[PDB]
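Asker: Take a look at this one; I'll ask things after.
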Amino acid sequence: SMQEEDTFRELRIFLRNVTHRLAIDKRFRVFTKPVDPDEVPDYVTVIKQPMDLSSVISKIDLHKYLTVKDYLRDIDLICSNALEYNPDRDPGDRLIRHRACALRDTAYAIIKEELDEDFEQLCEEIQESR
Ligand SMILES: Cc1cc2ccnc(NC3CCNCC3)c2[nH]c1=O
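Counting from 979, one number per residue, gives the positions in the sequence shown under the authors' numbering.
As C-alpha cells, then:
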C-alpha cells in the first residue's frame, strides 16, 4: 500500500543518514570502499561475504533492507569480517579491529537513540506479511 511504501521510504532515508555519518568518520575510512584486490589478493578467498559502507548505500537504494535489523546484519558483517581477517597481535591488526568494533558500537548507539521502536516494529510486521 501507499502507507507501507512511505514507511519503507522513511527507513531508507534514516539508513542513508546513519550510513553517511559513519562514512565521514575518519576512523572508518578503511570500511568505506571494497578491499582493493591489488593491495590484497587473498581477501576474496578468505572473506566469503565482503561488505563495506559504499555497498551498504547501494543496498539501501536497491530496497534490500526492509528493517533496521537487516541493515545491522550488514554492519555486523563489516565488523566480523575485520575481526576474522585481521586476528593477529600486530598493531595494524589491532587498530583495524578497534575501529571495526567502534563502527559497530557507533551504529548501534545511533540506532538506539534515534530509531523509534514502534517504527522498527511496523517495518518488521510489513516484511513478515509479504
Ligand atoms: C578492510 C581491510 C582493509 C585492509 C587494508 C590493509 N591491510 C589490511 N590487513 C592487514 C593484514 C596484515 N596486518 C596488517 C593489516 C586490511 N584489512 C581489512 O580487513
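Where a beta carbon is used, it is the ideal one built from N, C-alpha and C, also for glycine.
So what's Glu1017 in DSSP terms, helix, strand or just coil?
Answerer: Counting from one through the sequence shown, the residue named residue 1017 turns up at place 39. Coil.
Asker: From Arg1007 to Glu982, what distance separates their C-alpha atoms?
Answerer: In the sequence shown, residue 1007 corresponds to position 29, counting from 1. In the sequence shown, residue 982 corresponds to position 4, counting from 1. Looking at the two C-alpha atoms, the distance is approximately 34 Å.
Asker: Helix, strand or coil for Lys1004 per DSSP?
Answerer: As a position in the sequence shown, residue 1004 is number 26, starting the count at 1. In this structure, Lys1004 counts as helix in the three-state DSSP scheme.
Asker: Which term fits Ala1087, buried or exposed, when burial requires 16 or more other beta carbons within 10 angstroms of its beta carbon?
Answerer: Mapped onto the sequence shown, residue 1087 falls at position 109. By the 10 Å Cβ count, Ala1087 comes out exposed.
Asker: Rounded C-beta distance between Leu1044 and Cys1101? I'm assuming under 8 Å.
Answerer: Taking the first residue of the sequence shown as position 1, residue 1044 is located at position 66. Taking the first residue of the sequence shown as position 1, residue 1101 is located at position 123. That belief holds up - the Cβ atoms of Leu1044 and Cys1101 are roughly 6 Å apart, short of 8 Å.
Asker: In angstroms, rounded to a whole number, what distance separates the CA positions of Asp1030 and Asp1096?
Answerer: Taking the sequence shown and counting its residues from 1, one reaches residue 1030 at position 52. Taking the sequence shown and counting its residues from 1, one reaches residue 1096 at position 118. Approximately 28 Å between the Cα atoms of the pair.
Asker: Please indicate yes or no: does the CB of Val1013 lie closer than 6 Å to some heavy atom of ligand 1?
Answerer: As a working note, residue 1013 is residue 35 in the sequence shown. Yes, ligand 1 has a heavy atom inside 6 Å of this Cβ.
Asker: First and last residue of the alpha helix (DSSP H) that includes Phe1097?
Answerer: The count along the sequence shown starts at 1 and reaches residue 1097 at position 119. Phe1097 -> alpha helix (DSSP H) spans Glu1095 to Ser1107.
Asker: CB of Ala1085 to nearest heavy atom of ligand 1: below 6 Å?
Answerer: On the sequence shown, residue 1085 is found 107 positions in, with the first residue counted as 1. No.
Asker: Reducing DSSP to helix, strand and coil, say where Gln1027 ends up.
Answerer: As a working note, residue 1027 is residue 49 in the sequence shown. In the structure shown, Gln1027 sits in coil (DSSP, three-state: anything other than H, G, I, E or B).
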